[PDB]
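Everything below belongs to structure.txt, which stores compact mmCIF, C-alpha atoms and all ligand atoms.
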```txt
# COMPACT_ATOMS: atom_id res chain seq x y z
CA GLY B 16 1.44 6.71 -19.16
CA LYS B 17 2.97 3.39 -18.13
CA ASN B 18 4.28 4.46 -14.73
CA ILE B 19 0.83 4.44 -13.17
CA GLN B 20 -0.05 0.75 -12.88
CA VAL B 21 -2.84 -1.44 -11.51
CA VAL B 22 -2.27 -4.84 -9.90
CA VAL B 23 -4.96 -7.26 -8.73
CA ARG B 24 -4.05 -10.27 -6.58
CA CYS B 25 -5.93 -13.58 -6.41
CA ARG B 26 -5.22 -16.62 -4.25
CA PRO B 27 -6.89 -19.96 -3.49
CA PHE B 28 -9.77 -19.72 -1.03
CA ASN B 29 -9.02 -20.30 2.64
CA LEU B 30 -9.29 -23.91 3.86
CA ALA B 31 -11.48 -22.72 6.75
CA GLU B 32 -14.05 -21.62 4.16
CA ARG B 33 -16.05 -24.86 4.26
CA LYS B 34 -17.92 -24.01 7.45
CA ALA B 35 -19.17 -20.88 5.69
CA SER B 36 -20.13 -22.99 2.68
CA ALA B 37 -18.92 -20.21 0.39
CA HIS B 38 -18.37 -21.25 -3.20
CA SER B 39 -15.73 -19.56 -5.30
CA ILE B 40 -16.11 -19.45 -9.07
CA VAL B 41 -13.48 -16.70 -9.19
CA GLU B 42 -10.32 -17.21 -11.25
CA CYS B 43 -6.99 -15.40 -11.70
CA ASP B 44 -4.82 -15.76 -14.84
CA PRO B 45 -1.52 -13.92 -15.36
CA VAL B 46 -0.78 -14.97 -18.95
CA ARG B 47 -4.18 -13.90 -20.26
CA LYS B 48 -3.86 -10.77 -18.13
CA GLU B 49 -7.61 -10.99 -17.60
CA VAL B 50 -9.72 -12.20 -14.67
CA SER B 51 -13.25 -13.47 -15.30
CA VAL B 52 -15.85 -14.57 -12.74
CA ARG B 53 -19.09 -16.42 -13.49
CA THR B 54 -22.17 -14.33 -12.75
CA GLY B 55 -24.14 -17.43 -11.77
CA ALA B 58 -29.67 -21.27 -15.00
CA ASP B 59 -28.15 -17.89 -15.81
CA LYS B 60 -24.56 -18.67 -14.84
CA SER B 61 -22.90 -18.80 -18.26
CA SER B 62 -22.07 -15.12 -17.82
CA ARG B 63 -18.49 -14.46 -16.75
CA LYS B 64 -17.05 -11.09 -15.77
CA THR B 65 -14.18 -9.85 -17.93
CA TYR B 66 -11.47 -7.69 -16.36
CA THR B 67 -8.22 -6.36 -17.86
CA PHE B 68 -5.07 -5.34 -15.97
CA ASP B 69 -1.46 -5.03 -17.11
CA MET B 70 -0.42 -7.34 -14.27
CA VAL B 71 -2.63 -9.82 -12.42
CA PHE B 72 -1.37 -11.98 -9.55
CA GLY B 73 -2.53 -15.57 -9.20
CA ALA B 74 -3.17 -17.97 -6.33
CA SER B 75 0.00 -19.87 -7.24
CA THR B 76 2.07 -16.70 -7.47
CA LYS B 77 4.71 -16.09 -4.81
CA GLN B 78 4.77 -13.03 -2.55
CA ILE B 79 8.26 -12.33 -3.91
CA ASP B 80 7.03 -12.24 -7.50
CA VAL B 81 4.70 -9.32 -6.81
CA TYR B 82 7.46 -7.33 -5.11
CA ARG B 83 9.81 -7.69 -8.05
CA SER B 84 7.04 -6.85 -10.51
CA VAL B 85 5.87 -3.63 -8.83
CA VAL B 86 8.57 -2.83 -6.27
CA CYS B 87 11.86 -4.10 -7.72
CA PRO B 88 11.09 -1.47 -10.37
CA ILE B 89 9.87 1.50 -8.29
CA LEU B 90 12.86 1.44 -5.96
CA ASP B 91 15.40 2.19 -8.68
CA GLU B 92 13.50 5.35 -9.58
CA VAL B 93 12.92 5.93 -5.86
CA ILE B 94 16.52 4.85 -5.24
CA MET B 95 17.53 7.59 -7.66
CA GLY B 96 15.68 10.08 -5.47
CA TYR B 97 12.12 10.25 -6.77
CA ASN B 98 9.03 9.96 -4.57
CA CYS B 99 6.92 6.85 -5.17
CA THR B 100 3.73 5.45 -3.63
CA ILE B 101 2.67 1.82 -3.34
CA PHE B 102 -0.68 1.09 -1.70
CA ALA B 103 -3.00 -1.87 -1.26
CA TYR B 104 -6.76 -1.32 -1.34
CA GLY B 105 -9.82 -3.57 -1.26
CA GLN B 106 -11.86 -5.62 1.20
CA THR B 107 -10.21 -6.77 4.43
CA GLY B 108 -7.78 -9.64 5.12
CA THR B 109 -6.70 -10.21 1.53
CA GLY B 110 -3.10 -10.45 2.69
CA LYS B 111 -2.41 -6.75 2.28
CA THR B 112 -1.02 -6.49 5.80
CA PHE B 113 0.86 -9.75 5.43
CA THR B 114 2.41 -8.37 2.26
CA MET B 115 2.40 -4.83 3.66
CA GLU B 116 3.44 -5.71 7.21
CA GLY B 117 4.94 -8.98 5.98
CA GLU B 118 4.55 -12.52 7.25
CA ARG B 119 6.76 -14.85 9.28
CA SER B 120 7.08 -18.54 8.43
CA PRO B 121 5.59 -20.88 11.05
CA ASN B 122 7.96 -22.40 13.61
CA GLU B 123 11.64 -21.49 13.97
CA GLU B 124 12.65 -19.75 10.75
CA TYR B 125 15.43 -18.21 8.69
CA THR B 126 16.18 -14.52 9.03
CA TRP B 127 13.28 -12.24 8.23
CA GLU B 128 14.89 -11.20 4.99
CA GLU B 129 15.53 -14.92 4.66
CA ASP B 130 11.86 -15.71 5.33
CA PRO B 131 9.76 -16.21 2.18
CA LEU B 132 6.54 -15.03 3.85
CA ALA B 133 7.36 -11.35 4.41
CA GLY B 134 5.44 -8.57 2.69
CA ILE B 135 6.58 -5.49 0.81
CA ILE B 136 7.78 -3.54 3.84
CA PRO B 137 9.98 -6.41 4.99
CA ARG B 138 10.77 -7.25 1.37
CA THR B 139 10.87 -3.57 0.40
CA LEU B 140 13.00 -2.76 3.46
CA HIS B 141 15.48 -5.61 2.92
CA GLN B 142 16.49 -4.29 -0.48
CA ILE B 143 17.50 -0.75 0.44
CA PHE B 144 20.42 -1.53 2.74
CA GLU B 145 21.86 -4.30 0.56
CA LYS B 146 21.37 -2.40 -2.70
CA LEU B 147 23.08 0.68 -1.28
CA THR B 148 26.07 -1.34 -0.08
CA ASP B 149 26.68 -2.45 -3.67
CA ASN B 150 26.18 1.16 -4.77
CA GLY B 151 28.51 2.36 -2.02
CA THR B 152 26.90 5.79 -1.88
CA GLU B 153 26.60 7.34 1.58
CA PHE B 154 22.99 7.12 2.76
CA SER B 155 20.79 8.10 5.71
CA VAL B 156 17.46 6.45 6.51
CA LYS B 157 14.31 7.94 8.02
CA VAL B 158 11.25 5.80 8.82
CA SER B 159 7.76 7.06 9.71
CA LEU B 160 4.38 5.41 10.37
CA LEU B 161 0.86 6.88 10.28
CA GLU B 162 -2.68 5.79 11.18
CA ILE B 163 -5.83 7.19 9.63
CA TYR B 164 -8.94 7.78 11.67
CA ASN B 165 -11.49 10.27 10.41
CA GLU B 166 -10.55 13.79 11.51
CA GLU B 167 -7.50 12.47 13.36
CA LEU B 168 -3.86 11.52 12.80
CA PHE B 169 -1.51 9.39 14.91
CA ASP B 170 2.18 8.46 14.87
CA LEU B 171 2.99 4.79 15.48
CA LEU B 172 6.69 5.17 16.20
CA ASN B 173 6.36 7.18 19.40
CA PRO B 174 3.91 6.70 22.25
CA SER B 175 5.96 9.34 24.06
CA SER B 176 4.63 12.84 24.63
CA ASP B 177 1.18 11.30 24.15
CA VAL B 178 -0.86 8.64 25.92
CA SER B 179 -2.93 8.44 22.73
CA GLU B 180 -4.38 11.64 21.23
CA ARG B 181 -5.42 12.86 17.77
CA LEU B 182 -3.08 15.31 16.00
CA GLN B 183 -3.87 18.32 13.79
CA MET B 184 -2.25 18.80 10.37
CA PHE B 185 -0.80 22.08 9.09
CA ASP B 186 -0.13 23.23 5.52
CA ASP B 187 3.18 24.94 4.73
CA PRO B 188 3.45 28.43 3.22
CA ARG B 189 6.91 27.87 1.72
CA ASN B 190 5.39 25.10 -0.39
CA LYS B 191 1.75 25.48 -1.44
CA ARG B 192 1.52 21.74 -2.10
CA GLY B 193 3.30 20.82 1.13
CA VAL B 194 1.62 19.87 4.39
CA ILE B 195 3.47 19.93 7.70
CA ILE B 196 2.59 18.05 10.88
CA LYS B 197 4.14 19.10 14.18
CA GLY B 198 5.89 16.55 16.34
CA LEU B 199 5.49 14.11 13.50
CA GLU B 200 7.86 11.34 14.48
CA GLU B 201 10.27 10.06 11.89
CA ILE B 202 13.56 8.81 13.25
CA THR B 203 16.22 8.06 10.67
CA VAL B 204 17.51 4.53 11.05
CA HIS B 205 20.98 4.35 12.55
CA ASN B 206 21.15 0.63 11.85
CA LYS B 207 19.20 -1.52 9.38
CA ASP B 208 19.31 -4.41 11.85
CA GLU B 209 18.13 -1.89 14.46
CA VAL B 210 14.80 -1.44 12.68
CA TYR B 211 13.12 -4.50 14.18
CA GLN B 212 13.54 -3.24 17.72
CA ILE B 213 12.33 0.17 16.58
CA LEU B 214 9.80 -1.57 14.33
CA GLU B 215 8.47 -3.75 17.14
CA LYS B 216 6.84 -0.76 18.83
CA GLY B 217 4.71 0.04 15.80
CA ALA B 218 2.84 -3.25 16.01
CA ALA B 219 2.18 -3.04 19.75
CA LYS B 220 0.89 0.54 19.82
CA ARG B 221 -1.33 0.08 16.76
CA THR B 222 -2.30 -3.43 17.90
CA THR B 223 -3.43 -2.44 21.41
CA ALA B 224 -5.55 0.56 20.39
CA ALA B 225 -7.37 -0.82 17.35
CA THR B 226 -10.89 -0.79 18.81
CA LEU B 227 -13.11 2.30 19.09
CA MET B 228 -11.27 2.12 16.85
CA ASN B 229 -13.20 -1.08 16.28
CA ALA B 230 -12.12 -0.62 12.65
CA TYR B 231 -8.37 -1.13 13.05
CA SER B 232 -6.57 -2.83 10.19
CA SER B 233 -9.94 -3.31 8.50
CA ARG B 234 -11.02 0.34 8.69
CA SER B 235 -7.61 2.01 9.03
CA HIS B 236 -5.32 2.61 6.07
CA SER B 237 -2.23 2.91 8.23
CA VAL B 238 0.66 4.52 6.35
CA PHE B 239 4.33 3.67 6.79
CA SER B 240 6.79 5.87 4.92
CA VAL B 241 10.52 5.51 4.36
CA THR B 242 12.68 8.50 3.42
CA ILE B 243 16.24 8.13 2.14
CA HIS B 244 19.11 10.61 1.98
CA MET B 245 21.96 9.60 -0.30
CA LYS B 246 25.44 11.03 -0.91
CA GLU B 247 27.75 9.16 -3.28
CA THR B 248 31.32 9.98 -4.33
CA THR B 249 33.26 9.48 -7.56
CA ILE B 250 36.88 8.99 -8.62
CA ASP B 251 35.98 11.65 -11.15
CA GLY B 252 33.86 12.77 -8.20
CA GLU B 253 33.22 14.58 -6.16
CA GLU B 254 30.02 14.11 -4.15
CA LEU B 255 26.44 13.71 -5.38
CA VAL B 256 23.35 14.17 -3.22
CA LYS B 257 20.05 12.38 -3.88
CA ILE B 258 16.83 11.97 -1.89
CA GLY B 259 14.50 8.98 -2.06
CA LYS B 260 11.03 8.72 -0.55
CA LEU B 261 8.96 5.53 -0.56
CA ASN B 262 5.45 5.25 0.83
CA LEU B 263 3.85 1.92 1.75
CA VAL B 264 0.25 1.84 3.02
CA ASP B 265 -2.73 -0.36 3.94
CA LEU B 266 -6.39 0.43 3.25
CA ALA B 267 -9.99 -0.31 4.27
CA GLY B 268 -11.98 -3.02 2.49
CA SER B 269 -13.23 -2.35 -1.03
CA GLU B 270 -16.62 -4.01 -0.56
CA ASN B 271 -18.31 -0.67 0.12
CA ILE B 272 -17.62 0.88 -3.29
CA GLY B 273 -20.46 0.74 -5.81
CA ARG B 274 -20.32 -0.91 -9.19
CA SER B 275 -20.89 1.76 -11.83
CA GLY B 276 -24.60 2.53 -12.05
CA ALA B 277 -24.92 0.09 -9.19
CA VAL B 278 -28.00 -0.22 -7.06
CA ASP B 279 -25.58 1.60 -4.79
CA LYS B 280 -22.50 3.40 -6.08
CA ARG B 281 -22.25 6.81 -4.48
CA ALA B 282 -24.65 5.79 -1.73
CA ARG B 283 -22.89 2.47 -1.18
CA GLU B 284 -19.54 4.26 -1.32
CA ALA B 285 -20.97 7.43 0.23
CA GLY B 286 -19.89 8.76 3.62
CA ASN B 287 -17.28 10.44 5.81
CA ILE B 288 -15.46 7.14 6.27
CA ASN B 289 -16.07 6.63 2.54
CA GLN B 290 -14.12 9.74 1.55
CA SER B 291 -10.56 8.47 1.72
CA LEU B 292 -11.29 5.75 -0.82
CA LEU B 293 -13.51 8.09 -2.85
CA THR B 294 -11.03 10.94 -2.61
CA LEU B 295 -8.32 8.60 -3.86
CA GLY B 296 -10.23 7.49 -6.94
CA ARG B 297 -10.92 11.02 -8.08
CA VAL B 298 -7.40 12.10 -7.17
CA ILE B 299 -5.92 8.91 -8.62
CA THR B 300 -8.46 8.80 -11.44
CA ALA B 301 -7.90 12.48 -12.22
CA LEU B 302 -4.14 11.99 -12.52
CA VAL B 303 -4.57 9.27 -15.15
CA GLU B 304 -6.86 11.58 -17.11
CA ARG B 305 -4.65 14.66 -16.75
CA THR B 306 -7.55 16.81 -15.48
CA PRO B 307 -6.70 20.38 -14.44
CA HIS B 308 -8.26 20.17 -10.98
CA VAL B 309 -7.53 17.27 -8.68
CA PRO B 310 -9.37 17.01 -5.35
CA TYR B 311 -6.38 15.80 -3.34
CA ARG B 312 -7.46 18.34 -0.72
CA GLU B 313 -10.68 16.59 0.34
CA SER B 314 -8.96 13.62 2.00
CA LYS B 315 -6.25 14.07 4.62
CA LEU B 316 -4.31 11.06 3.35
CA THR B 317 -4.50 12.42 -0.20
CA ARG B 318 -3.16 15.83 0.83
CA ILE B 319 -0.07 14.36 2.51
CA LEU B 320 0.62 12.13 -0.50
CA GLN B 321 0.54 15.06 -2.92
CA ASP B 322 4.27 15.79 -2.94
CA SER B 323 5.29 12.27 -3.88
CA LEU B 324 2.51 12.13 -6.46
CA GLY B 325 3.06 15.77 -7.44
CA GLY B 326 6.82 15.59 -7.80
CA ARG B 327 7.97 13.40 -10.67
CA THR B 328 6.94 9.97 -9.41
CA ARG B 329 5.82 6.41 -10.17
CA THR B 330 2.65 4.99 -8.63
CA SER B 331 1.37 1.42 -8.54
CA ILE B 332 -2.23 0.69 -7.56
CA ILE B 333 -3.16 -2.67 -6.03
CA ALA B 334 -6.50 -4.46 -5.61
CA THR B 335 -6.98 -7.65 -3.56
CA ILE B 336 -9.87 -10.10 -3.93
CA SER B 337 -11.34 -13.28 -2.42
CA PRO B 338 -12.81 -16.00 -4.67
CA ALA B 339 -15.16 -17.44 -2.06
CA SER B 340 -18.93 -17.02 -2.28
CA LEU B 341 -19.32 -15.78 1.29
CA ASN B 342 -18.42 -12.17 0.51
CA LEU B 343 -20.18 -10.85 -2.60
CA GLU B 344 -19.56 -7.16 -1.89
CA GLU B 345 -15.78 -7.07 -1.46
CA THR B 346 -14.89 -8.46 -4.89
CA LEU B 347 -17.19 -6.12 -6.81
CA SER B 348 -16.04 -3.02 -4.95
CA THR B 349 -12.41 -3.86 -5.66
CA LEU B 350 -13.21 -4.52 -9.32
CA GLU B 351 -15.17 -1.30 -9.77
CA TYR B 352 -12.47 0.63 -7.96
CA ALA B 353 -9.71 -0.93 -10.04
CA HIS B 354 -11.62 -0.54 -13.30
CA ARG B 355 -12.73 2.97 -12.46
CA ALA B 356 -9.31 3.98 -11.15
CA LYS B 357 -7.53 2.51 -14.15
CA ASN B 358 -9.13 2.37 -17.59
CA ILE B 359 -8.03 -0.41 -19.91
CA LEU B 360 -9.60 -1.98 -22.98
CA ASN B 361 -10.80 -5.48 -22.21
CA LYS B 362 -9.10 -8.17 -24.27
CA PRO B 363 -11.62 -10.38 -26.08
CA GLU B 364 -11.08 -14.14 -26.23
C1 LIG G 401 8.68 -12.40 7.03
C2 LIG G 401 7.62 -11.70 8.01
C3 LIG G 401 6.61 -10.91 7.48
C4 LIG G 401 5.68 -10.30 8.35
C5 LIG G 401 5.78 -10.49 9.74
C6 LIG G 401 4.79 -9.83 10.68
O1 LIG G 401 3.73 -10.43 10.93
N1 LIG G 401 5.04 -8.50 11.28
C7 LIG G 401 4.02 -7.91 12.20
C8 LIG G 401 2.86 -7.13 11.58
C9 LIG G 401 1.77 -7.89 10.89
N2 LIG G 401 2.16 -8.76 9.72
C10 LIG G 401 6.30 -7.81 10.96
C11 LIG G 401 6.19 -6.32 11.26
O2 LIG G 401 5.95 -5.96 12.49
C12 LIG G 401 5.82 -4.64 12.91
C13 LIG G 401 5.55 -4.35 14.29
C14 LIG G 401 5.42 -2.99 14.72
CL1 LIG G 401 5.09 -2.64 16.36
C15 LIG G 401 5.56 -1.93 13.77
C16 LIG G 401 5.83 -2.22 12.42
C17 LIG G 401 5.96 -3.60 11.99
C18 LIG G 401 6.24 -3.92 10.58
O3 LIG G 401 6.38 -2.91 9.64
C19 LIG G 401 6.36 -5.31 10.20
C20 LIG G 401 6.65 -5.65 8.72
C21 LIG G 401 7.79 -6.65 8.57
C22 LIG G 401 9.15 -6.26 8.31
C23 LIG G 401 10.16 -7.24 8.17
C24 LIG G 401 9.82 -8.63 8.29
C25 LIG G 401 8.50 -9.01 8.54
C26 LIG G 401 7.48 -8.01 8.68
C27 LIG G 401 7.48 -8.40 11.64
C28 LIG G 401 8.55 -7.33 12.05
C29 LIG G 401 7.18 -9.45 12.80
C30 LIG G 401 6.79 -11.27 10.25
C31 LIG G 401 7.72 -11.89 9.39
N1 LIG G 402 -1.41 -16.37 0.09
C1 LIG G 402 -1.74 -16.64 1.37
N2 LIG G 402 -1.60 -17.90 1.87
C2 LIG G 402 -1.91 -18.21 3.15
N3 LIG G 402 -2.38 -17.30 4.02
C3 LIG G 402 -2.58 -16.02 3.65
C4 LIG G 402 -2.26 -15.59 2.29
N4 LIG G 402 -2.56 -14.28 2.23
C5 LIG G 402 -3.02 -13.90 3.45
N5 LIG G 402 -3.02 -14.95 4.29
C6 LIG G 402 -3.42 -15.00 5.70
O1 LIG G 402 -4.31 -13.92 5.99
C7 LIG G 402 -3.92 -13.27 7.20
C8 LIG G 402 -3.53 -11.82 6.91
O2 LIG G 402 -4.62 -10.91 6.77
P1 LIG G 402 -4.41 -9.46 7.43
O3 LIG G 402 -2.91 -9.30 7.37
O4 LIG G 402 -5.08 -9.44 8.78
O5 LIG G 402 -5.11 -8.37 6.46
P2 LIG G 402 -5.92 -7.03 6.91
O6 LIG G 402 -5.03 -6.26 7.86
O7 LIG G 402 -6.16 -6.34 5.60
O8 LIG G 402 -7.18 -7.53 7.58
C9 LIG G 402 -2.71 -14.00 7.75
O9 LIG G 402 -3.08 -14.90 8.81
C10 LIG G 402 -2.19 -14.81 6.60
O10 LIG G 402 -1.66 -16.04 7.10
CL CL G 403 -9.04 -16.44 -8.59
CL CL G 404 -9.15 -13.74 -9.72
CL CL G 405 14.63 -6.13 -10.64
CL CL G 406 17.15 -2.96 -10.84
CL CL G 407 -4.26 23.32 3.50
```

Would you mind writing the file's structure down as structure tokens?
Ligand SMILES: Cc1ccc(C(=O)N(CCCN)[C@@H](c2oc3cc(Cl)ccc3c(=O)c2Cc2ccccc2)C(C)C)cc1
Ligand SMILES: Nc1ncnc2c1ncn2[C@@H]1O[C@H](COP(=O)(O)OP(=O)(O)O)[C@@H](O)[C@H]1O
Ligand SMILES: [Cl-]
Ligand SMILES: [Cl-]
Ligand SMILES: [Cl-]
Ligand SMILES: [Cl-]
Ligand SMILES: [Cl-]
Amino acid sequence: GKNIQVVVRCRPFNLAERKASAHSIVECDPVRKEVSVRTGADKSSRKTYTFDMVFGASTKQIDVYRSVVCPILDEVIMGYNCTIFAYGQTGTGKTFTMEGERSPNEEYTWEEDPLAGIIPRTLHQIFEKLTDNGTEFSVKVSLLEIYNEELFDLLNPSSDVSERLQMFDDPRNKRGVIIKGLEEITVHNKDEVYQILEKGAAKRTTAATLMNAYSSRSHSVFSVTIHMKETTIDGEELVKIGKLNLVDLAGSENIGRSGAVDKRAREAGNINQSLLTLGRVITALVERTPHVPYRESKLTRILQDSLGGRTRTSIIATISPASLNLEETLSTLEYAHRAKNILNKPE
């Protein structure tokens, strides 16, 4: 029940906002666990939302990682597949958290830097934690980009100038999907990752257009796979496998409020499907429904094994308080509410 979780993150509106003239009545409160926004004459109305964990504008980037990650890794560290994703409108800090951030000016080491997102924060933990554990481990890192009816591998530009790749299901496992030439190179050195990592930004960064939706319209999935072998004085050798998936998603503004002027139509479309496929797939899992349409979305199909195998999943929604975008906040809220169902606390 508990393992599936929903997190919504709220921060103070950007300083640059004034030119827009956007007004933010939006609020985020952790202690209450509920976020309410004034509907605004008829402005007394305030939206009531309930989540187990709700990030605030004050809240540190580190605090979120410990809350949702610092917990998943141990299960994942044990050798259980887990998925952490950020969905919602665009530029809500998902990439900064997901791809991390670097403090302005000359700065402490990246692990040292406060700014960095889950991947940098998530990545920093694995090497250090293992050292304390002392178990032998091998690291494989892979990155993916989602374009409709197309798949790309960030790590290697080799063998391809820049072409879409087909995906193949595997007979040995009915659930399993196999992609040829998929590039995951296990990390020889943890320090080494940045040089290897540096390529991912450049290749994705250069090709974003036509495209034209890159970052904003592309989920972009980065996955880390761990192989662990630990000994024992009583031991003996024990083998465990850990897979962690970290991803970024398109903006949540498109999704309809329930019984919205537009819900299916607003959320409707081929581009729409990955988000829509996720809600039914994600929504179905919470319910326990016999049939889950993981198949409909390519991203969903790949994710099935981690979800399908015993796993823990955390679902994240990001919002902006400012008046200037009406659509993004509602779509995130409907998606979060729809995806996760919780009774609303009444104060
Ligand atoms: C503390 C911190 C956090 C994020 C960044 C950052 O902005 N990155 C670029 C992507 C957009 N935020 C990071 C980053 O860059 C990548 C570049 C390529 Cl080509 C492929 C993958 C990455 C990637 O996963 C990250 C995430 C990251 C990891 C550790 C520290 C910081 C960020 C740093 C390695 C600079 C820098 C420092
Ligand atoms: N809490 C925050 N405080 C200050 N700036 C933030 C915060 N969250 C996000 N940002 C800013 O927003 C930008 C990141 O948005 P981005 O990573 O492009 O998201 P997306 O890829 O979803 O568009 C960065 O310039 C970062 O400085
Ligand atoms: Cl807020
Ligand atoms: Cl809020
Ligand atoms: Cl912890
Ligand atoms: Cl722990
Ligand atoms: Cl198939």

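Remark: for residue B:33, the closest of the candidate residues B:335, B:18, B:340, B:222 is B:340 (distances computed over only C-alpha atoms).
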
Please, which residues in chain B fall within 6 Å of ligand CL 403 (chain G) when counting all atoms listed in the file, and what is the closest atom pair and distance in Å to one decimal for each, ordered by chain then residue number, as JSON lines?
```
{"residue": "B:25", "atom": "CA", "partner": "G:CL403", "partner_atom": "CL", "distance": 4.8}
{"residue": "B:26", "atom": "CA", "partner": "G:CL403", "partner_atom": "CL", "distance": 5.8}
{"residue": "B:41", "atom": "CA", "partner": "G:CL403", "partner_atom": "CL", "distance": 4.5}
{"residue": "B:42", "atom": "CA", "partner": "G:CL403", "partner_atom": "CL", "distance": 3.1}
{"residue": "B:43", "atom": "CA", "partner": "G:CL403", "partner_atom": "CL", "distance": 3.9}
{"residue": "B:338", "atom": "CA", "partner": "G:CL403", "partner_atom": "CL", "distance": 5.5}
```

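Comparing the minimum interatomic distances between ligand CL 404 (chain G) and each of B:275, B:65, B:36, B:300, counting only C-alpha atoms and all ligand atoms, we find that B:65 sits nearest.
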
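Near ligand LIG 402 (chain G), at a distance of at most 7 Å and with all atoms listed in the file counted, sit the residues residues 26, 74, 107, 108, 109, 110, 111, 112, 113, 232 and 233 of chain B.
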
Excluding residue B:103 and residues on its chain fewer than 4 positions from it, collect all residues at most 7 Å away from it, counting only C-alpha atoms, and give them as a compact mmCIF listing (two decimals) with C-alpha atoms, keeping the file's coordinate frame.
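Writing the result to out_10.txt gives the following:
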```txt
# COMPACT_ATOMS: atom_id res chain seq x y z
CA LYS B 111 -2.41 -6.75 2.28
CA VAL B 264 0.25 1.84 3.02
CA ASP B 265 -2.73 -0.36 3.94
CA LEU B 266 -6.39 0.43 3.25
CA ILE B 332 -2.23 0.69 -7.56
CA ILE B 333 -3.16 -2.67 -6.03
CA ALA B 334 -6.50 -4.46 -5.61
```

Go through B:131, B:151, B:45, B:105 one by one, measure the shortest atom-to-atom distance of each to residue B:248 using all atoms listed in the file, and give the residue with the smallest value. B:151

Sel. within 12 Å of pt (-4.6, 2.8, 0.0), counting all atoms listed in the file, output as a short mmCIF file (atom, residue, chain, number, x, y, z; two decimals) with C-alpha atoms, keeping the file's coordinate frame:
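Writing the result to out-v9.cif gives the following:
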```cif
data_model
loop_
_atom_site.label_atom_id
_atom_site.label_comp_id
_atom_site.auth_asym_id
_atom_site.auth_seq_id
_atom_site.Cartn_x
_atom_site.Cartn_y
_atom_site.Cartn_z
CA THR B 100 3.73 5.45 -3.63
CA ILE B 101 2.67 1.82 -3.34
CA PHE B 102 -0.68 1.09 -1.70
CA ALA B 103 -3.00 -1.87 -1.26
CA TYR B 104 -6.76 -1.32 -1.34
CA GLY B 105 -9.82 -3.57 -1.26
CA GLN B 106 -11.86 -5.62 1.20
CA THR B 107 -10.21 -6.77 4.43
CA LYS B 111 -2.41 -6.75 2.28
CA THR B 112 -1.02 -6.49 5.80
CA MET B 115 2.40 -4.83 3.66
CA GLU B 162 -2.68 5.79 11.18
CA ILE B 163 -5.83 7.19 9.63
CA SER B 232 -6.57 -2.83 10.19
CA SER B 233 -9.94 -3.31 8.50
CA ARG B 234 -11.02 0.34 8.69
CA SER B 235 -7.61 2.01 9.03
CA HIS B 236 -5.32 2.61 6.07
CA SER B 237 -2.23 2.91 8.23
CA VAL B 238 0.66 4.52 6.35
CA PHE B 239 4.33 3.67 6.79
CA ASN B 262 5.45 5.25 0.83
CA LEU B 263 3.85 1.92 1.75
CA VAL B 264 0.25 1.84 3.02
CA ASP B 265 -2.73 -0.36 3.94
CA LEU B 266 -6.39 0.43 3.25
CA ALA B 267 -9.99 -0.31 4.27
CA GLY B 268 -11.98 -3.02 2.49
CA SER B 269 -13.23 -2.35 -1.03
CA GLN B 290 -14.12 9.74 1.55
CA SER B 291 -10.56 8.47 1.72
CA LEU B 292 -11.29 5.75 -0.82
CA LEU B 293 -13.51 8.09 -2.85
CA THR B 294 -11.03 10.94 -2.61
CA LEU B 295 -8.32 8.60 -3.86
CA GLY B 296 -10.23 7.49 -6.94
CA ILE B 299 -5.92 8.91 -8.62
CA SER B 314 -8.96 13.62 2.00
CA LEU B 316 -4.31 11.06 3.35
CA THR B 317 -4.50 12.42 -0.20
CA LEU B 320 0.62 12.13 -0.50
CA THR B 330 2.65 4.99 -8.63
CA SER B 331 1.37 1.42 -8.54
CA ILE B 332 -2.23 0.69 -7.56
CA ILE B 333 -3.16 -2.67 -6.03
CA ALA B 334 -6.50 -4.46 -5.61
CA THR B 335 -6.98 -7.65 -3.56
CA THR B 349 -12.41 -3.86 -5.66
CA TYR B 352 -12.47 0.63 -7.96
CA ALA B 353 -9.71 -0.93 -10.04
#
```

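Residue nearest residue B:152 within the list B:201, B:254, B:124, B:167: B:254 [criterion: smallest interatomic distance, all atoms listed in the file].
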
Looking at all atoms listed in the file, which of B:30, B:50, B:86, B:202 is the one that sits closest to ligand CL 404 (chain G)? B:50

Quick one: residues within 6 Å of ligand LIG 401 (chain G), with only C-alpha atoms and all ligand atoms, as JSON, numbers by chain? {"B": [112, 113, 116, 117, 118, 119, 127, 130, 132, 133, 134, 136, 137, 211, 214, 215, 216, 217, 218, 219]}

Step by step, measure atom-to-atom distances between ligand CL 406 (chain G) and each residue using only C-alpha atoms and all ligand atoms, keep those at most 7 Å, then write them as a list in words. residues 87, 88 and 91 of chain B

Grab me every residue within 12 Å of ligand CL 404 (chain G), counting only C-alpha atoms and all ligand atoms, and send it over as a ChimeraX atom specification. /B:22-28,39-45,47-53,63-68,70-76,334-339,346-347,349-350

Any idea what's packed within 12 Å of residue B:144, counting only C-alpha atoms, ignoring anything in its chain fewer than 3 positions away? Could you give it as a list in words? residues 90, 94, 128, 137, 138, 139, 140, 141, 147, 148, 149, 150, 151, 152, 153, 154, 155, 156, 204, 205, 206, 207, 208, 209, 210, 243 and 245 of chain B
